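Asker: Pasting a structure here, questions to come.
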Amino acid sequence: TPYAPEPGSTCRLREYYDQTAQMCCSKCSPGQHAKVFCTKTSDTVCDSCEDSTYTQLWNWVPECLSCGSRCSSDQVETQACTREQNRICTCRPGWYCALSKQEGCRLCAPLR
Amino acid sequence: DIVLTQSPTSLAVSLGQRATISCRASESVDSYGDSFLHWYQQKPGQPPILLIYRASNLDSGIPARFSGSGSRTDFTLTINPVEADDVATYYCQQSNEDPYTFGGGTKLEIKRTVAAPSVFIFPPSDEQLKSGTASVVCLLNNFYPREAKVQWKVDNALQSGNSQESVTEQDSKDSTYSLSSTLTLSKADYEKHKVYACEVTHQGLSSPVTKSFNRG
Amino acid sequence: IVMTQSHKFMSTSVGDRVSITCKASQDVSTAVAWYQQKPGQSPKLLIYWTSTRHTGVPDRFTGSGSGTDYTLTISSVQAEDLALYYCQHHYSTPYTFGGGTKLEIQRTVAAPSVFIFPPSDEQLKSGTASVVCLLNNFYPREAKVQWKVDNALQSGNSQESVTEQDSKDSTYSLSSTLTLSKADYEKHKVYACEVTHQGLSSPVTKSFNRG
Amino acid sequence: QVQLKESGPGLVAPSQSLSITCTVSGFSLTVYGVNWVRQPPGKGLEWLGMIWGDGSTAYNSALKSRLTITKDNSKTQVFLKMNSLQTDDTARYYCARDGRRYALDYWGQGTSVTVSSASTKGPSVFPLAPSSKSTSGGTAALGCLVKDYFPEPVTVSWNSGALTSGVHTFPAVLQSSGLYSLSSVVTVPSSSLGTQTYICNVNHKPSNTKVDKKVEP
Amino acid sequence: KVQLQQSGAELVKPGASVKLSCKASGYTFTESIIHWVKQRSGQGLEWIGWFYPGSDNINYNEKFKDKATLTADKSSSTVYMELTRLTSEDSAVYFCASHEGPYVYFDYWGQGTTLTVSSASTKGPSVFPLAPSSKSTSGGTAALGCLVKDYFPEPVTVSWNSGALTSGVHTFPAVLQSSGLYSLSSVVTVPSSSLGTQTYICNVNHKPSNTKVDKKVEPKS
């Protein structure tokens with residue numbers, strides 16, 4: 001609901017301050033992005049994002065992110081790209097990784 | 001309305017080092033909770049793109065090497081690693097009271113290891129000769145830093161006040177400059193002289209290098 | 001661990017199939033890569049994972065085999081298949097390659113073109129002359145060059161240098177660099193280089209005088 | 001997807017009417033506000049008016065009586081009309097969108113409005129061909145000089161956009177006669193000097209011309 | 001797209017230390033691993049450890065533990081390989097290469113340097129021109145060349161017409177003359193008709209001695 005704010009007191013958590021209706025509005029669940037922004041009367045109207053698009057934090061952005069295209073060959077996905085997470089590629093099955101990177105490392109090695 | 005002063009106004013930081021900017025505000029721009037500030041970045045020629053869109057909130061799809069902080073008056077945008085293509089102008093905008101006012105902004109440059117120019121001499125084209133003008137291009141390449149003294153010798157007579165220079169910006173991929181000195185002359189004055197040459201004085205190559213093309 | 005090939009000098013022609021082998025020292029499973037190393041330039045990537053064709057390289061460079069015996073092959077060998085192919089594994093800390101299995105194309109006979117020309121005047125002023133005689137597009141490689149100065153034999157007065165297989169038509173090219181002292185050149189009148197080759201019906205002697 | 005195209009007259013006389021049009025796609029103007037931004041050459045941005053979805057507009061502090069920002073919601077456009085153009089209002093005009101609570105995210109390429117009285121003149125192109133002097137090491141250099149054109153914005157491309165790496169466009173300098181000139185420093189590998197035919201082209205929208213040239217070592 | 005660039009050429013003496021530089025261009029440097037390999041004369045290639053700079057992960061091959069030292073400064077995106085105890089066996093081409101996927105297949109092969117180890121000194125080449133077969137016009141393919149003579153460092157580059165003409169160009173491998181200085185006999189067979197109405201300049205770029213030659217070749221009568 002469009003909770004009317006009062007100067008000297010901030011909005012509660014899970015509520016942002018729209019600067020078009022000048023009134024506090026709610027923040028909806030991760031994995032769904034605001035299709036129609038908050039207005040004086042209407043609250044946030046947010047719709048789930050499409051495939052390979054996620055949002056891990058309570059958002060109001062009009063567009064989600066994008067996961068990786070593919071893990072190519074000999075790389076099993078260790079975490080599927082659902083609505084609240086990424087596509088973390090990793091090493092080959094039956095091997096391990098000795099290097100490191102942001103998500104999937106740069107040098108594998110046999111399981112010894 | 002609100003006035004924002006940006007410190008510094010031009011800085012150069014080498015690759016992989018820290019950078020820091022501060023957009024000081026005359027009035028407390030903190031309306032509710034956290035401060036309302038923006039930290040747009042405009043690359044040379046490109047339209048500005050958003051990063052750090054509310055005090056410290058980071059835009060969706062921006063490298064994590066940026067950051068935001070500060071409230072009320074003091075403000076800070078930190079780029080802990082600086083890559084080659086992080087050369088742009090970083091601005092600041094407040095979103096509290098009409099109207100919203102920008103600032104002068106910074107100019108983050110790259111200081112790389114001293115490079116070596118390569119003077120290239122290009123003669124006038126026959127179409128311009130039949131048009132009645134002569135233009136000779138003593139263009140450098142890959143030189144760094146910006147300081148590079150280019151002078152023209154016409155039969156060992158140094159021309160002065162009859163040439164122009166244009167300098168590009170740092171290349172995004174490798175932080176590279178480029179200079180193109182042009183010497184202009186009329187057709188009547190072109191036929192009264194002879195072989196041309198140039199020199200460089202940048203703190204790269206040991207001595208002034210001369211590339212000379214024979215006349216005709 | 002060591003990765004070694006079997007033969008070093010695959011000889012073939014246009015249209016035949018080559019079967020460059022590679023045998024590891026352990027159970028290397030399915031890890032191997034094939035490189036083409038045209039001399040002078042830097043190695044390229046042909047195959048990886050023993051069967052995955054790298055982007056760009058032609059379809060004929062298909063890998064095969066599994067386990068410990070791997071085999072590149074070319075079913076439509078063209079002229080530009082002349083290099084040193086290597087195989088590599090991806091397991092141990094010490095990555096090890098092997099020898100260079102060099103392909104070589106065989107063709108019909110060729111007629112060598114013999115070129116002779118005197119040195120330059122400033123070279124004569126320098127102190128040592130050169131009467132280089134070159135053979136162009138000769139095949140078989142077996143071809144003998146001999147030097148006759150005023151119909152007199154010379155031994156130990158010339159060095160020969162020959163190229164590899166030509167990347168366009170699998171031909172050759174040879175050069176001889178006969179050199180004489182400052183005074184020896186003016187001690188004679190007529191020079192000649194003669195060529196004896198399998199593809200020539202009779203030897204051809206190319207000569208020149210002081211003119 | 002989201003796309004904002006900005007179109008405006010290249011050159012306008014002083015004290016003449018000015019009209020920019022920003023065509024939007026990918027979002028609904030009924031809820032999203034479009035605001036303009038201006039930037040003088042080599043200067044920091046200065047804000048301009050905004051128009052919300054409802055229609056209410058805020059403006060600047062020093063130009064409050066000069067801008068007439070209006071909207072055509074059905075046509076999906078934001079067109080700005082401005083009057084009393086003094087000579088100091090020469091700049092680029094970016095369209096934009098406040099899709100994130102006025103944290104501007106998507107922008108359109110500016111048209112680089114210029115205010116002057118000189119007539120429009122087309123550019124003269126000279127193929128600044130290389131030679132043995134240019135060839136140094138394993139890299140050569142080719143030039144496509146442009147001279148005697150007005151106004152400033154001119155587009156230069158090489159090989160119809162195919163040639164991208166090793167291409168620079170030197171900033172336009174103000175010729176004392178009152179025109180502009182620039183050159184190119186395209187550096188191609190020397191191993192393929194004979195092959196790989198190189199064609200430069202330049203177009204000047206205010207003068208309505210598209211002139212091509214070919215550079216042969 | 002990724003390019004790896006090394007130096008031109010060097011020459012040292014037994015018991016020296018030359019620093020091979022490999023500069024990466026196209027991607028970042030906090031994420032760019034670098035491996036070094038050595039191609040000797042004739043035999044097969046070898047391998048040396050890697051220098052992942054972002055995590056500063058350093059690995060060395062067992063054979064080359066005490067010859068190469070890897071170090072880099074994250075200010076120019078370059079990796080330096082310092083060589084020690086350079087005996088006569090180290091005169092070989094040196095390549096720096098990198099992979100893309102997390103397995104290690106060398107797809108980005110940098111240009112090789114031509115390090116040679118000897119106790120002698122460098123010497124500039126002599127670029128004596130060669131006379132075309134004007135008399136032997138019946139062949140129609142009179143050949144002309146540039147007898148590069150008496151240059152010590154093995155790296156030598158004989159570019160013909162500044163790279164404009166590379167069809168039919170032959171660049172015979174250098175010989176070992178009695179004086180101990182290499183020499184080649186680069187020659188191209190130009191058409192007889194175009195022989196007199198076109199310039200066939202040759203360019204010897206001998207990097208180790210910094211010598212560059214622009215000798216001209218023309219028929220004489």
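To be explicit about the labels: the chains of the structure tokens are called A, B, and onward in the order shown, and within each one the residues are counted from 1, while ligands get numbers from 1 in the order they are shown.
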Skipping near chain neighbours, those fewer than 4 positions away, what residues fall within 8 Å of residue A:1 using only C-alpha atoms, listed as a list in words?

Answerer: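 Result of the neighbour search: residues 25, 26, 42 and 43 of chain A.
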
Asker: Quick one: everything within 9 Å of residue B:204, counting only C-alpha atoms, minus sequence neighbours fewer than 6 positions away in the same chain. Send it as JSON, numbers by chain.

Answerer: {"B": [114, 115, 116, 117, 143, 144]}

Asker: Quick one: which chain E residues come within 7 Å of chain C, and what is the nearest atom pair for each with the distance in Å to one decimal, counting only C-alpha atoms, rows ordered by chain and ascending number, as a tab-separated table?

Answerer:
```
residue	atom	partner	partner_atom	distance
E:43	CA	C:99	CA	6.3
E:44	CA	C:99	CA	4.8
E:45	CA	C:97	CA	6.2
E:46	CA	C:96	CA	6.2
E:47	CA	C:95	CA	5.9
E:61	CA	C:94	CA	5.1
E:62	CA	C:94	CA	6.7
E:103	CA	C:90	CA	6.8
E:104	CA	C:90	CA	6.6
E:105	CA	C:33	CA	7.0
E:106	CA	C:45	CA	6.9
E:107	CA	C:45	CA	5.9
E:109	CA	C:42	CA	6.5
E:111	CA	C:42	CA	6.4
E:112	CA	C:42	CA	6.9
E:128	CA	C:123	CA	6.2
E:129	CA	C:120	CA	6.4
E:130	CA	C:119	CA	6.4
E:131	CA	C:117	CA	6.0
E:133	CA	C:117	CA	6.6
E:172	CA	C:163	CA	5.6
E:173	CA	C:161	CA	6.4
E:175	CA	C:161	CA	6.6
```

Asker: What are the closest atom pairs, with distances in Å to one decimal, for each residue of chain D lying within 7 Å of chain E, using only C-alpha atoms, rows by chain and rising residue number, as CSV?

Answerer:
```
residue,atom,partner,partner_atom,distance
D:190,CA,E:163,CA,6.1
D:191,CA,E:163,CA,5.3
D:193,CA,E:164,CA,5.6
D:194,CA,E:164,CA,5.2
```

Asker: List every residue of chain D that has an atom at most 10 Å from any atom of chain A, and for each one report the closest atom pair and its distance in Å to one decimal, counting only C-alpha atoms, with rows sorted by chain and then by increasing residue number, as JSON lines.

Answerer:
```
{"residue": "D:27", "atom": "CA", "partner": "A:62", "partner_atom": "CA", "distance": 9.4}
{"residue": "D:28", "atom": "CA", "partner": "A:36", "partner_atom": "CA", "distance": 9.3}
{"residue": "D:30", "atom": "CA", "partner": "A:36", "partner_atom": "CA", "distance": 9.6}
{"residue": "D:31", "atom": "CA", "partner": "A:37", "partner_atom": "CA", "distance": 6.9}
{"residue": "D:32", "atom": "CA", "partner": "A:37", "partner_atom": "CA", "distance": 8.5}
{"residue": "D:33", "atom": "CA", "partner": "A:20", "partner_atom": "CA", "distance": 9.0}
{"residue": "D:52", "atom": "CA", "partner": "A:20", "partner_atom": "CA", "distance": 7.6}
{"residue": "D:53", "atom": "CA", "partner": "A:20", "partner_atom": "CA", "distance": 8.9}
{"residue": "D:54", "atom": "CA", "partner": "A:20", "partner_atom": "CA", "distance": 9.7}
{"residue": "D:99", "atom": "CA", "partner": "A:62", "partner_atom": "CA", "distance": 7.1}
{"residue": "D:100", "atom": "CA", "partner": "A:61", "partner_atom": "CA", "distance": 6.3}
{"residue": "D:101", "atom": "CA", "partner": "A:19", "partner_atom": "CA", "distance": 5.8}
{"residue": "D:102", "atom": "CA", "partner": "A:19", "partner_atom": "CA", "distance": 7.4}
```

Asker: Could the residues in this selection be written to a file with C-alpha atoms, as a PDB file, in the first residue's frame?

Answerer:
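Written file, again09.pdb:
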```pdb
ATOM      1  CA  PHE D  27       8.897   1.183 -22.652  1.00  0.00           C
ATOM      2  CA  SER D  28       5.583   2.951 -22.107  1.00  0.00           C
ATOM      3  CA  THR D  30       2.477   6.591 -19.582  1.00  0.00           C
ATOM      4  CA  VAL D  31       4.598   5.721 -16.533  1.00  0.00           C
ATOM      5  CA  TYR D  32       8.161   6.656 -17.606  1.00  0.00           C
ATOM      6  CA  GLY D  33       9.520  10.191 -17.728  1.00  0.00           C
ATOM      7  CA  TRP D  52       6.546  12.845 -16.168  1.00  0.00           C
ATOM      8  CA  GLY D  53       3.957  10.357 -17.363  1.00  0.00           C
ATOM      9  CA  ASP D  54       0.998  12.466 -16.242  1.00  0.00           C
ATOM     10  CA  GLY D  99      13.383   4.297 -15.700  1.00  0.00           C
ATOM     11  CA  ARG D 100      14.947   4.018 -12.218  1.00  0.00           C
ATOM     12  CA  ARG D 101      13.438   6.688  -9.915  1.00  0.00           C
ATOM     13  CA  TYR D 102      15.189   9.465 -11.875  1.00  0.00           C
TER      14      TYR D 102
END
```

Asker: Could you write out, as a PyMOL selection string, all the residues of stretch 80-206 of chain C that DSSP marks as alpha helix (DSSP H)?

Answerer: chain C and resi 121-126

Asker: Between chain E and chain B, at 9 Å or less, what are the per-residue closest atom pairs and their distances in Å? Count only C-alpha atoms, order by chain and rising residue number, and return it as a tab-separated table.

Answerer:
```
residue	atom	partner	partner_atom	distance
E:25	CA	B:173	CA	7.8
E:26	CA	B:173	CA	7.0
E:27	CA	B:173	CA	8.4
E:28	CA	B:83	CA	7.4
E:29	CA	B:83	CA	8.6
E:30	CA	B:16	CA	8.6
E:74	CA	B:16	CA	6.3
E:75	CA	B:15	CA	5.1
E:76	CA	B:112	CA	6.7
E:77	CA	B:15	CA	8.8
```

Asker: Write the residues of the selection above to a file with N, CA, C and O atoms, as an mmCIF file, in the first residue's frame.

Answerer:
```cif
data_model
loop_
_atom_site.group_PDB
_atom_site.id
_atom_site.type_symbol
_atom_site.label_atom_id
_atom_site.label_comp_id
_atom_site.auth_asym_id
_atom_site.auth_seq_id
_atom_site.Cartn_x
_atom_site.Cartn_y
_atom_site.Cartn_z
ATOM 1 N N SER E 25 47.268 -8.238 -25.256
ATOM 2 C CA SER E 25 46.408 -7.168 -25.742
ATOM 3 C C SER E 25 45.084 -7.754 -26.208
ATOM 4 O O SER E 25 45.068 -8.713 -26.986
ATOM 5 N N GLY E 26 43.987 -7.171 -25.733
ATOM 6 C CA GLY E 26 42.659 -7.554 -26.168
ATOM 7 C C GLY E 26 41.705 -7.836 -25.026
ATOM 8 O O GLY E 26 40.531 -7.461 -25.087
ATOM 9 N N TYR E 27 42.197 -8.484 -23.976
ATOM 10 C CA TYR E 27 41.434 -8.757 -22.765
ATOM 11 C C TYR E 27 42.108 -8.065 -21.581
ATOM 12 O O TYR E 27 43.075 -7.314 -21.741
ATOM 13 N N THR E 28 41.594 -8.329 -20.386
ATOM 14 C CA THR E 28 42.136 -7.736 -19.171
ATOM 15 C C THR E 28 43.473 -8.399 -18.842
ATOM 16 O O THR E 28 43.943 -9.300 -19.539
ATOM 17 N N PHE E 29 44.103 -7.951 -17.757
ATOM 18 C CA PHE E 29 45.309 -8.591 -17.257
ATOM 19 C C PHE E 29 45.137 -9.258 -15.905
ATOM 20 O O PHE E 29 45.884 -10.193 -15.604
ATOM 21 N N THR E 30 44.183 -8.814 -15.084
ATOM 22 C CA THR E 30 43.890 -9.539 -13.854
ATOM 23 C C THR E 30 43.383 -10.942 -14.143
ATOM 24 O O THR E 30 43.442 -11.807 -13.263
ATOM 25 N N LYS E 74 51.625 -5.052 -12.851
ATOM 26 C CA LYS E 74 50.280 -4.807 -13.354
ATOM 27 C C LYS E 74 50.094 -3.330 -13.673
ATOM 28 O O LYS E 74 49.137 -2.700 -13.214
ATOM 29 N N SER E 75 51.012 -2.775 -14.464
ATOM 30 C CA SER E 75 50.922 -1.406 -14.939
ATOM 31 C C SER E 75 51.018 -1.298 -16.451
ATOM 32 O O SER E 75 50.704 -0.236 -17.000
ATOM 33 N N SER E 76 51.444 -2.360 -17.137
ATOM 34 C CA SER E 76 51.509 -2.362 -18.592
ATOM 35 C C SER E 76 51.020 -3.676 -19.186
ATOM 36 O O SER E 76 51.114 -3.854 -20.408
ATOM 37 N N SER E 77 50.504 -4.595 -18.366
ATOM 38 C CA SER E 77 50.008 -5.893 -18.826
ATOM 39 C C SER E 77 51.097 -6.669 -19.566
ATOM 40 O O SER E 77 50.912 -7.120 -20.698
#
```
